[PDB]
Amino acid sequence: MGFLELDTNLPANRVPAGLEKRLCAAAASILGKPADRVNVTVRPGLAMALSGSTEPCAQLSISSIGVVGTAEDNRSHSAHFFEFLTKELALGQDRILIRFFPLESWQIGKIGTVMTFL
Amino acid sequence: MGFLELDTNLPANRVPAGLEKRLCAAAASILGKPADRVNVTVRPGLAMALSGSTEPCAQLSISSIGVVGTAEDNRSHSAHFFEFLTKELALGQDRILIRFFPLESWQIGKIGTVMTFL
Amino acid sequence: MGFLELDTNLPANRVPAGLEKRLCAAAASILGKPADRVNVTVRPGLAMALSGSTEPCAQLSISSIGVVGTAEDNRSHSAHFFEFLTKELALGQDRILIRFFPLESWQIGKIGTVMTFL
Ligand code: NA
Ligand code: NA
Ligand code: NA
C-alpha cells in the first residue's frame, strides 16, 4: 500500500483539476501497485517556502510498505515523480522535494484491523 | 501523549461540527490517556483518492509515545477508531485508513524543552 | 536539509503575513543551515485540539538530516522555536507542541534523484 501527500502553495484554482486521481495512477505505476492500493492527498493554497523561497512549489511525501527503503529504489521513484509533477504543476525541478517513508503492515489500519492480519 | 491528524475530502460544512473535540475524547479513551494529553488536527476540503477512488474518504494518522507499536495494540485501536469515524463521517469502512507511528520522549517539544526532561 | 510543517487553528487572516518566510529564516539559524536548505509549510484555518483544548494553538513538526536526533539537541531547538512562535502567534507556551523527526539522505528526493547521490 502507498500513501502520497502533496502540499502546495498554488491556489486550488491553479492546480490542474483531478491531479489527485492522476497522481494516484502515476504512483501505482511507479511504485508497482494496483490503483486500488494507492492513496493520494493534495493540500493546495498553503503558505510555503521551499529551499528558502516562497515562489510556487510543492512538497511530496510517499509512504509505503516495501518499496521506498533504499537509495536505489528512491532515486528511481524520484526521477519519475519529478517528471510527472514538474509537467503537471508547471514547476521547475528546483521547486519540488520528496520525502520517502517506509511503513510496516502493523502500522496500517484497514477495515477495523491492521494489515498484519489481512 | 497522542497526536491525531485527519485529512478528508468532505467539505468543511459536511464534517459534523466539533469533530476535533469528540475525536480527542475518543482517542483519550481508546489510547488510554487523559484528554489533556491528546491532540487532534482535522483538515477538510482536500482533494483525495483513497484506494484509488475519489469518493468521500478520510485518512487518520495516530502518533504516540508507547501504545501504538505492535500489531496487537493497533488492531484494537483500529477497531475502535473505525467504529467512531465511520459513524461520525457517514463513511463505509472501505473509505478510511489509519497509519500508526510510535514516538519517543526526545522527539516531543513541550514548554520549550522536550518530554525527556519533564 | 530541514522541513517544517505548522498546523494552526488560527484563521489565515490571523496568522501574521509572511510567517512561512520568517520561520524559514529562524529555522535556518536554529538548526544551523543556510536559508536555501530550509523548507516551511503553514496550514491555517484547521480544526484543532491541543492538550484537549480547542483554544488557539499550533503544532510544529521539524524533520531534518542530522540535527534532531537527541534529547539534548531537541531541547535546545525547542527553546528557540517556542520563543519564536509564541511571540509571532501571540500564543502561550501551553498552546504549541513540536515533533522532531530525523531523516536520512536516501529518503529525500531532490532534482530527480535522492540526496545520497548529490
Ligand atoms: Na506521515
Ligand atoms: Na507525522
Ligand atoms: Na512527515
# chains A, B, ... in the order shown; residues from 1 in each chain; ligands from 1
>>> calpha_fit_and_write(fixed="chain B", moving="chain C", output="short mmCIF file (atom, residue, chain, number, x, y, z; two decimals) with N, CA and C atoms, in the first residue's frame")
data_model
loop_
_atom_site.label_atom_id
_atom_site.label_comp_id
_atom_site.auth_asym_id
_atom_site.auth_seq_id
_atom_site.Cartn_x
_atom_site.Cartn_y
_atom_site.Cartn_z
N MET C 1 1.61 10.86 25.43
CA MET C 1 0.95 11.90 24.58
C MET C 1 0.57 11.33 23.21
N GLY C 2 -0.59 11.72 22.71
CA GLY C 2 -1.07 11.26 21.40
C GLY C 2 -1.38 12.41 20.47
N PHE C 3 -1.10 12.21 19.18
CA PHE C 3 -1.34 13.18 18.14
C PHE C 3 -2.12 12.50 17.04
N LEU C 4 -3.26 13.06 16.67
CA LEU C 4 -4.08 12.52 15.61
C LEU C 4 -4.24 13.59 14.55
N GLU C 5 -4.09 13.19 13.29
CA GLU C 5 -4.32 14.07 12.16
C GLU C 5 -5.30 13.38 11.23
N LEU C 6 -6.32 14.09 10.82
CA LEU C 6 -7.38 13.54 9.99
C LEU C 6 -7.51 14.43 8.77
N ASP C 7 -7.18 13.90 7.59
CA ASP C 7 -7.41 14.55 6.31
C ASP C 7 -8.70 14.00 5.72
N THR C 8 -9.51 14.88 5.15
CA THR C 8 -10.72 14.41 4.47
C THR C 8 -11.04 15.28 3.27
N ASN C 9 -11.65 14.66 2.25
CA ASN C 9 -12.19 15.38 1.11
C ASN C 9 -13.64 15.80 1.33
N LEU C 10 -14.22 15.53 2.47
CA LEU C 10 -15.50 16.14 2.79
C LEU C 10 -15.28 17.63 2.96
N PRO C 11 -16.12 18.48 2.37
CA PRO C 11 -16.03 19.91 2.64
C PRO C 11 -16.23 20.18 4.12
N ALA C 12 -15.66 21.29 4.57
CA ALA C 12 -15.78 21.65 5.98
C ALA C 12 -17.23 21.64 6.44
N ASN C 13 -18.16 22.12 5.60
CA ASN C 13 -19.55 22.19 6.03
C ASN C 13 -20.26 20.84 5.98
N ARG C 14 -19.57 19.77 5.59
CA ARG C 14 -20.11 18.42 5.69
C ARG C 14 -19.43 17.59 6.78
N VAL C 15 -18.49 18.16 7.51
CA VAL C 15 -17.87 17.47 8.64
C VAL C 15 -18.68 17.89 9.86
N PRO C 16 -19.20 16.96 10.66
CA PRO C 16 -20.01 17.37 11.83
C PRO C 16 -19.22 18.26 12.77
N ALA C 17 -19.76 19.44 13.06
CA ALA C 17 -19.02 20.44 13.82
C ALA C 17 -18.58 19.86 15.15
N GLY C 18 -17.38 20.23 15.57
CA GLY C 18 -16.84 19.77 16.82
C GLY C 18 -16.15 18.43 16.76
N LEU C 19 -16.00 17.85 15.56
CA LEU C 19 -15.39 16.54 15.46
C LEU C 19 -14.01 16.50 16.11
N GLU C 20 -13.23 17.58 16.00
CA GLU C 20 -11.88 17.55 16.57
C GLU C 20 -11.93 17.31 18.08
N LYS C 21 -12.94 17.86 18.76
CA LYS C 21 -13.10 17.64 20.19
C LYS C 21 -13.58 16.24 20.49
N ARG C 22 -14.57 15.74 19.75
CA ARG C 22 -15.07 14.39 20.02
C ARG C 22 -14.02 13.34 19.69
N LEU C 23 -13.23 13.55 18.63
CA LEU C 23 -12.15 12.63 18.31
C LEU C 23 -11.07 12.68 19.37
N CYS C 24 -10.82 13.86 19.95
CA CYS C 24 -9.88 13.96 21.06
C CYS C 24 -10.33 13.11 22.24
N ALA C 25 -11.62 13.21 22.60
CA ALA C 25 -12.15 12.41 23.70
C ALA C 25 -12.11 10.93 23.37
N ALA C 26 -12.51 10.56 22.16
CA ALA C 26 -12.48 9.16 21.76
C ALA C 26 -11.06 8.61 21.83
N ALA C 27 -10.09 9.37 21.31
CA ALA C 27 -8.71 8.92 21.31
C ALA C 27 -8.16 8.80 22.72
N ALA C 28 -8.51 9.73 23.62
CA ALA C 28 -8.12 9.58 25.02
C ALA C 28 -8.60 8.24 25.56
N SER C 29 -9.86 7.91 25.31
CA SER C 29 -10.41 6.67 25.84
C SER C 29 -9.76 5.46 25.19
N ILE C 30 -9.59 5.48 23.86
CA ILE C 30 -9.07 4.33 23.14
C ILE C 30 -7.61 4.09 23.48
N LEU C 31 -6.82 5.16 23.46
CA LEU C 31 -5.39 5.02 23.67
C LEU C 31 -5.02 4.94 25.14
N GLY C 32 -5.92 5.29 26.04
CA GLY C 32 -5.64 5.19 27.47
C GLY C 32 -4.92 6.38 28.02
N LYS C 33 -5.34 7.59 27.64
CA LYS C 33 -4.73 8.85 28.04
C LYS C 33 -5.80 9.79 28.56
N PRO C 34 -5.45 10.69 29.46
CA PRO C 34 -6.38 11.77 29.81
C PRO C 34 -6.52 12.72 28.64
N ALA C 35 -7.67 13.40 28.57
CA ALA C 35 -7.96 14.25 27.43
C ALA C 35 -6.92 15.34 27.26
N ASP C 36 -6.28 15.78 28.36
CA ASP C 36 -5.31 16.85 28.22
C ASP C 36 -3.96 16.39 27.69
N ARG C 37 -3.80 15.10 27.34
CA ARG C 37 -2.58 14.61 26.71
C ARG C 37 -2.84 14.15 25.28
N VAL C 38 -3.95 14.59 24.69
CA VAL C 38 -4.34 14.21 23.35
C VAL C 38 -4.52 15.46 22.50
N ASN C 39 -4.12 15.33 21.24
CA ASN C 39 -4.11 16.40 20.26
C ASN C 39 -4.76 15.88 18.98
N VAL C 40 -5.57 16.71 18.35
CA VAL C 40 -6.26 16.33 17.12
C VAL C 40 -6.22 17.50 16.15
N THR C 41 -5.94 17.20 14.88
CA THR C 41 -5.98 18.17 13.80
C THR C 41 -6.82 17.60 12.68
N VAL C 42 -7.83 18.34 12.25
CA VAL C 42 -8.71 17.94 11.16
C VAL C 42 -8.51 18.93 10.02
N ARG C 43 -8.28 18.39 8.83
CA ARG C 43 -8.04 19.16 7.61
C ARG C 43 -9.06 18.76 6.56
N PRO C 44 -10.16 19.50 6.43
CA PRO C 44 -11.22 19.15 5.48
C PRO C 44 -11.02 19.80 4.13
N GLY C 45 -11.89 19.44 3.20
CA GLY C 45 -11.91 20.09 1.92
C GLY C 45 -10.74 19.80 1.01
N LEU C 46 -10.01 18.73 1.26
CA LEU C 46 -8.83 18.39 0.49
C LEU C 46 -9.23 17.57 -0.74
N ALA C 47 -8.32 17.44 -1.69
CA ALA C 47 -8.53 16.59 -2.86
C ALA C 47 -7.87 15.26 -2.57
N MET C 48 -8.67 14.19 -2.49
CA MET C 48 -8.15 12.90 -2.05
C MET C 48 -8.63 11.74 -2.90
N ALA C 49 -7.75 10.78 -3.08
CA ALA C 49 -8.08 9.44 -3.54
C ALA C 49 -7.68 8.49 -2.43
N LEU C 50 -8.57 7.56 -2.10
CA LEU C 50 -8.28 6.51 -1.14
C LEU C 50 -8.61 5.19 -1.81
N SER C 51 -7.66 4.27 -1.79
CA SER C 51 -7.79 3.02 -2.53
C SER C 51 -8.22 3.28 -3.97
N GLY C 52 -7.61 4.28 -4.60
CA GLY C 52 -7.84 4.58 -5.99
C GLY C 52 -9.11 5.34 -6.30
N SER C 53 -9.91 5.70 -5.31
CA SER C 53 -11.21 6.31 -5.53
C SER C 53 -11.29 7.68 -4.87
N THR C 54 -11.87 8.64 -5.59
CA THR C 54 -12.06 9.98 -5.07
C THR C 54 -13.41 10.16 -4.39
N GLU C 55 -14.16 9.09 -4.17
CA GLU C 55 -15.37 9.20 -3.37
C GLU C 55 -15.02 9.68 -1.96
N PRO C 56 -16.00 10.17 -1.20
CA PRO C 56 -15.69 10.65 0.15
C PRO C 56 -14.90 9.64 0.98
N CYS C 57 -13.92 10.15 1.72
CA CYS C 57 -12.98 9.31 2.45
C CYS C 57 -12.31 10.13 3.54
N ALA C 58 -11.52 9.45 4.36
CA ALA C 58 -10.69 10.13 5.35
C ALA C 58 -9.47 9.28 5.66
N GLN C 59 -8.37 9.97 5.94
CA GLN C 59 -7.12 9.34 6.35
C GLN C 59 -6.79 9.80 7.75
N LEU C 60 -6.58 8.87 8.66
CA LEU C 60 -6.22 9.18 10.04
C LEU C 60 -4.78 8.74 10.29
N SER C 61 -4.01 9.60 10.94
CA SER C 61 -2.69 9.24 11.45
C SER C 61 -2.68 9.40 12.96
N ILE C 62 -2.11 8.43 13.65
CA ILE C 62 -2.05 8.42 15.11
C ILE C 62 -0.59 8.22 15.49
N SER C 63 -0.04 9.15 16.25
CA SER C 63 1.33 9.08 16.74
C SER C 63 1.27 9.17 18.25
N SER C 64 2.12 8.41 18.91
CA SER C 64 2.00 8.33 20.36
C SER C 64 3.24 7.73 20.97
N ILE C 65 3.57 8.24 22.15
CA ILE C 65 4.53 7.55 23.00
C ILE C 65 3.85 6.31 23.57
N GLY C 66 4.38 5.15 23.22
CA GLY C 66 4.12 3.92 23.95
C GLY C 66 3.18 2.90 23.36
N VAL C 67 2.02 3.34 22.92
CA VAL C 67 0.85 2.45 22.82
C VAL C 67 0.49 2.05 21.38
N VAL C 68 1.32 2.38 20.39
CA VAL C 68 0.96 2.13 19.00
C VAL C 68 2.07 1.38 18.29
N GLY C 69 2.78 0.52 19.01
CA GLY C 69 3.98 -0.10 18.50
C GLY C 69 3.89 -1.56 18.10
N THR C 70 2.73 -2.19 18.25
CA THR C 70 2.56 -3.60 17.92
C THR C 70 1.28 -3.79 17.11
N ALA C 71 1.26 -4.88 16.34
CA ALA C 71 0.06 -5.24 15.59
C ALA C 71 -1.13 -5.46 16.51
N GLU C 72 -0.90 -6.09 17.67
CA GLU C 72 -1.99 -6.37 18.60
C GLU C 72 -2.59 -5.08 19.15
N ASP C 73 -1.74 -4.14 19.56
CA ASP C 73 -2.25 -2.87 20.05
C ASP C 73 -3.02 -2.17 18.95
N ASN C 74 -2.44 -2.10 17.75
CA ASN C 74 -3.03 -1.30 16.70
C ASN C 74 -4.28 -1.94 16.14
N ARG C 75 -4.38 -3.26 16.13
CA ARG C 75 -5.64 -3.88 15.75
C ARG C 75 -6.76 -3.43 16.67
N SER C 76 -6.51 -3.42 17.98
CA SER C 76 -7.52 -2.97 18.93
C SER C 76 -7.88 -1.51 18.68
N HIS C 77 -6.88 -0.65 18.56
CA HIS C 77 -7.18 0.75 18.31
C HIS C 77 -7.96 0.91 17.02
N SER C 78 -7.56 0.19 15.98
CA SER C 78 -8.18 0.33 14.67
C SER C 78 -9.67 0.03 14.76
N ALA C 79 -10.04 -1.07 15.41
CA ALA C 79 -11.46 -1.41 15.53
C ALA C 79 -12.24 -0.25 16.13
N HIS C 80 -11.72 0.34 17.21
CA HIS C 80 -12.45 1.41 17.87
C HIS C 80 -12.48 2.68 17.03
N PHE C 81 -11.35 3.06 16.40
CA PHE C 81 -11.34 4.29 15.61
C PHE C 81 -12.20 4.15 14.35
N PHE C 82 -12.25 2.95 13.76
CA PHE C 82 -13.13 2.74 12.61
C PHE C 82 -14.59 2.88 13.04
N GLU C 83 -14.96 2.30 14.18
CA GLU C 83 -16.33 2.44 14.66
C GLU C 83 -16.68 3.91 14.86
N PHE C 84 -15.78 4.66 15.49
CA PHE C 84 -16.04 6.06 15.78
C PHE C 84 -16.18 6.88 14.50
N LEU C 85 -15.24 6.71 13.57
CA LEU C 85 -15.18 7.59 12.41
C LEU C 85 -16.19 7.22 11.34
N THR C 86 -16.45 5.92 11.12
CA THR C 86 -17.48 5.56 10.15
C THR C 86 -18.82 6.17 10.54
N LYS C 87 -19.13 6.16 11.83
CA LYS C 87 -20.40 6.71 12.29
C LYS C 87 -20.41 8.24 12.18
N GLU C 88 -19.35 8.90 12.66
CA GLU C 88 -19.32 10.36 12.62
C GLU C 88 -19.37 10.89 11.20
N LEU C 89 -18.61 10.29 10.29
CA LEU C 89 -18.46 10.82 8.94
C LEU C 89 -19.42 10.20 7.95
N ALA C 90 -20.23 9.24 8.39
CA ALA C 90 -21.16 8.56 7.50
C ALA C 90 -20.41 7.91 6.34
N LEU C 91 -19.33 7.21 6.67
CA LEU C 91 -18.48 6.58 5.68
C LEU C 91 -18.47 5.07 5.89
N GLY C 92 -18.40 4.34 4.78
CA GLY C 92 -18.14 2.91 4.86
C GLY C 92 -16.74 2.62 5.37
N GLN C 93 -16.57 1.41 5.90
CA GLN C 93 -15.27 1.04 6.44
C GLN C 93 -14.20 0.98 5.37
N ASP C 94 -14.56 0.88 4.09
CA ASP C 94 -13.61 0.91 2.99
C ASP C 94 -13.12 2.32 2.67
N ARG C 95 -13.63 3.34 3.34
CA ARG C 95 -13.32 4.72 2.99
C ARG C 95 -12.46 5.41 4.04
N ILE C 96 -11.87 4.65 4.95
CA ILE C 96 -10.98 5.15 5.98
C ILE C 96 -9.76 4.26 6.01
N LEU C 97 -8.58 4.85 6.20
CA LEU C 97 -7.37 4.13 6.53
C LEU C 97 -6.69 4.86 7.67
N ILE C 98 -5.89 4.12 8.43
CA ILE C 98 -5.15 4.66 9.56
C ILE C 98 -3.67 4.31 9.41
N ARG C 99 -2.80 5.24 9.79
CA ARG C 99 -1.37 4.96 9.96
C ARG C 99 -1.00 5.27 11.40
N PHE C 100 -0.21 4.39 12.00
CA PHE C 100 0.23 4.48 13.38
C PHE C 100 1.74 4.69 13.44
N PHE C 101 2.17 5.64 14.27
CA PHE C 101 3.58 6.00 14.39
C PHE C 101 4.04 6.09 15.83
N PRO C 102 4.87 5.18 16.29
CA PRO C 102 5.44 5.33 17.64
C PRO C 102 6.34 6.55 17.71
N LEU C 103 6.27 7.25 18.83
CA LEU C 103 7.14 8.36 19.13
C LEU C 103 7.89 8.08 20.43
N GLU C 104 9.02 8.76 20.60
CA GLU C 104 9.78 8.73 21.85
C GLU C 104 9.85 10.11 22.46
N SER C 105 10.14 10.15 23.76
CA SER C 105 10.01 11.40 24.50
C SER C 105 10.99 12.46 24.01
N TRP C 106 12.14 12.06 23.47
CA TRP C 106 13.13 13.03 22.98
C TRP C 106 12.66 13.72 21.71
N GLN C 107 11.58 13.23 21.10
CA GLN C 107 11.04 13.79 19.88
C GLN C 107 9.93 14.80 20.10
N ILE C 108 9.49 15.04 21.34
CA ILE C 108 8.34 15.89 21.57
C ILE C 108 8.79 17.12 22.33
N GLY C 109 8.65 18.28 21.68
CA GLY C 109 8.90 19.55 22.31
C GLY C 109 7.66 20.07 23.01
N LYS C 110 7.82 20.43 24.27
CA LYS C 110 6.75 20.88 25.15
C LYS C 110 7.35 21.90 26.09
N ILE C 111 6.65 23.02 26.26
CA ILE C 111 7.05 24.16 27.08
C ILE C 111 8.54 24.48 26.96
N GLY C 112 9.04 24.51 25.73
CA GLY C 112 10.38 24.99 25.49
C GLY C 112 11.49 24.01 25.80
N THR C 113 11.14 22.77 26.11
CA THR C 113 12.11 21.69 26.30
C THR C 113 11.57 20.49 25.53
N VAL C 114 12.04 19.29 25.87
CA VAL C 114 11.44 18.07 25.35
C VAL C 114 10.98 17.19 26.51
N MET C 115 10.10 16.24 26.19
CA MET C 115 9.45 15.46 27.24
C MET C 115 10.44 14.59 28.01
N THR C 116 11.61 14.30 27.44
CA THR C 116 12.64 13.59 28.19
C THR C 116 12.92 14.24 29.53
N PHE C 117 12.80 15.57 29.59
CA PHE C 117 13.17 16.35 30.77
C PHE C 117 11.97 16.82 31.57
N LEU C 118 10.79 16.29 31.31
CA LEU C 118 9.59 16.66 32.04
C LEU C 118 9.03 15.47 32.81
#
>>> select_by_dssp(residues="chain C", states="helix (DSSP H, G or I)", output="PyMOL selection string")
chain C and resi 12-14+19-31+35-37+71-89+93-95+105-107+115-117
>>> write_last_selection(atoms="N, CA and C atoms", output="tab-separated table (two decimals), in the first residue's frame")
chain	number	residue	atom	x	y	z
C	12	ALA	N	-6.45	32.06	8.51
C	12	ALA	CA	-5.37	32.61	7.72
C	12	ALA	C	-5.19	34.11	7.98
C	13	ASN	N	-6.30	34.85	8.12
C	13	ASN	CA	-6.17	36.29	8.30
C	13	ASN	C	-5.77	36.69	9.71
C	14	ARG	N	-5.55	35.73	10.61
C	14	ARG	CA	-4.99	35.99	11.93
C	14	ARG	C	-3.57	35.48	12.08
C	19	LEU	N	4.75	34.64	7.69
C	19	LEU	CA	5.31	33.78	8.72
C	19	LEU	C	6.13	32.65	8.12
C	20	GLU	N	5.71	32.09	6.98
C	20	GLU	CA	6.46	30.97	6.41
C	20	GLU	C	7.90	31.36	6.09
C	21	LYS	N	8.10	32.60	5.65
C	21	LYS	CA	9.45	33.10	5.37
C	21	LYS	C	10.22	33.36	6.65
C	22	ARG	N	9.60	34.00	7.64
C	22	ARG	CA	10.33	34.27	8.88
C	22	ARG	C	10.65	32.99	9.64
C	23	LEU	N	9.74	32.00	9.60
C	23	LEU	CA	10.02	30.72	10.23
C	23	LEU	C	11.12	29.99	9.49
C	24	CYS	N	11.20	30.14	8.17
C	24	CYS	CA	12.30	29.56	7.41
C	24	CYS	C	13.63	30.15	7.86
C	25	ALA	N	13.70	31.47	8.01
C	25	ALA	CA	14.92	32.11	8.47
C	25	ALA	C	15.26	31.70	9.90
C	26	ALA	N	14.27	31.68	10.78
C	26	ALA	CA	14.50	31.27	12.16
C	26	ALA	C	15.02	29.84	12.21
C	27	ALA	N	14.40	28.94	11.44
C	27	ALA	CA	14.82	27.55	11.45
C	27	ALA	C	16.22	27.38	10.89
C	28	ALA	N	16.58	28.13	9.84
C	28	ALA	CA	17.95	28.11	9.35
C	28	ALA	C	18.92	28.44	10.48
C	29	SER	N	18.63	29.50	11.23
C	29	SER	CA	19.52	29.92	12.29
C	29	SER	C	19.56	28.89	13.42
C	30	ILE	N	18.39	28.39	13.83
C	30	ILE	CA	18.31	27.48	14.97
C	30	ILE	C	18.95	26.15	14.64
C	31	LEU	N	18.62	25.60	13.47
C	31	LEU	CA	19.10	24.28	13.11
C	31	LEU	C	20.52	24.30	12.54
C	35	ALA	N	19.61	29.38	4.55
C	35	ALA	CA	18.18	29.52	4.29
C	35	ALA	C	17.75	28.70	3.09
C	36	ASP	N	18.65	28.48	2.13
C	36	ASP	CA	18.24	27.73	0.94
C	36	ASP	C	18.19	26.22	1.16
C	37	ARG	N	18.44	25.73	2.38
C	37	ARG	CA	18.29	24.32	2.70
C	37	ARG	C	17.16	24.09	3.70
C	71	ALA	N	17.80	14.11	22.65
C	71	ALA	CA	17.08	14.98	23.57
C	71	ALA	C	17.80	16.30	23.78
C	72	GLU	N	19.13	16.27	23.85
C	72	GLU	CA	19.90	17.50	24.07
C	72	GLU	C	19.75	18.46	22.90
C	73	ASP	N	19.86	17.95	21.68
C	73	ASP	CA	19.69	18.81	20.52
C	73	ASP	C	18.28	19.38	20.51
C	74	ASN	N	17.29	18.52	20.72
C	74	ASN	CA	15.91	18.96	20.56
C	74	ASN	C	15.47	19.86	21.69
C	75	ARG	N	16.00	19.69	22.89
C	75	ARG	CA	15.71	20.66	23.94
C	75	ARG	C	16.16	22.06	23.53
C	76	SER	N	17.36	22.17	22.97
C	76	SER	CA	17.86	23.46	22.52
C	76	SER	C	16.97	24.03	21.42
C	77	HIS	N	16.66	23.21	20.42
C	77	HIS	CA	15.81	23.70	19.35
C	77	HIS	C	14.46	24.13	19.90
C	78	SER	N	13.89	23.33	20.80
C	78	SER	CA	12.56	23.60	21.32
C	78	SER	C	12.52	24.97	21.99
C	79	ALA	N	13.50	25.28	22.83
C	79	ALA	CA	13.52	26.58	23.49
C	79	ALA	C	13.44	27.70	22.47
C	80	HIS	N	14.24	27.62	21.41
C	80	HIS	CA	14.26	28.69	20.43
C	80	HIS	C	12.98	28.74	19.61
C	81	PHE	N	12.44	27.59	19.18
C	81	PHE	CA	11.22	27.61	18.38
C	81	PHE	C	10.02	28.05	19.20
C	82	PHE	N	9.98	27.70	20.49
C	82	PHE	CA	8.89	28.19	21.34
C	82	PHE	C	8.98	29.71	21.49
C	83	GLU	N	10.17	30.25	21.70
C	83	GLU	CA	10.32	31.70	21.79
C	83	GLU	C	9.82	32.36	20.51
C	84	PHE	N	10.22	31.83	19.36
C	84	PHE	CA	9.85	32.43	18.09
C	84	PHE	C	8.35	32.38	17.86
C	85	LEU	N	7.74	31.21	18.08
C	85	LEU	CA	6.35	31.02	17.70
C	85	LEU	C	5.38	31.62	18.71
C	86	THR	N	5.68	31.55	20.01
C	86	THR	CA	4.79	32.19	20.98
C	86	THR	C	4.67	33.67	20.68
C	87	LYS	N	5.78	34.32	20.31
C	87	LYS	CA	5.74	35.74	20.02
C	87	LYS	C	5.01	36.02	18.71
C	88	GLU	N	5.33	35.28	17.64
C	88	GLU	CA	4.69	35.53	16.35
C	88	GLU	C	3.19	35.30	16.41
C	89	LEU	N	2.76	34.22	17.05
C	89	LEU	CA	1.36	33.82	17.03
C	89	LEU	C	0.57	34.34	18.21
C	93	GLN	N	2.88	29.39	25.93
C	93	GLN	CA	3.74	28.23	25.70
C	93	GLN	C	2.99	26.92	25.83
C	94	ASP	N	1.82	26.91	26.48
C	94	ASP	CA	0.99	25.72	26.58
C	94	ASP	C	0.19	25.44	25.31
C	95	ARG	N	0.27	26.31	24.31
C	95	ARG	CA	-0.56	26.19	23.12
C	95	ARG	C	0.23	25.79	21.88
C	105	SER	N	19.63	10.66	4.08
C	105	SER	CA	19.74	11.21	2.74
C	105	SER	C	19.02	10.37	1.70
C	106	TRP	N	18.90	9.06	1.91
C	106	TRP	CA	18.22	8.19	0.95
C	106	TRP	C	16.72	8.42	0.94
C	107	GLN	N	16.21	9.18	1.90
C	107	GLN	CA	14.79	9.48	2.00
C	107	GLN	C	14.38	10.78	1.34
C	115	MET	N	19.25	12.53	-2.19
C	115	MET	CA	20.40	13.26	-1.69
C	115	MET	C	21.62	12.37	-1.48
C	116	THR	N	21.43	11.06	-1.35
C	116	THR	CA	22.56	10.14	-1.28
C	116	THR	C	23.53	10.36	-2.43
C	117	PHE	N	23.01	10.75	-3.60
C	117	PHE	CA	23.80	10.87	-4.82
C	117	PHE	C	24.12	12.31	-5.19
>>> select_by_dssp(residues="chain C", states="strand (DSSP E)", output="PyMOL selection string")
chain C and resi 2-8+38-43+47-49+58-65+96-103+108-110+113-114
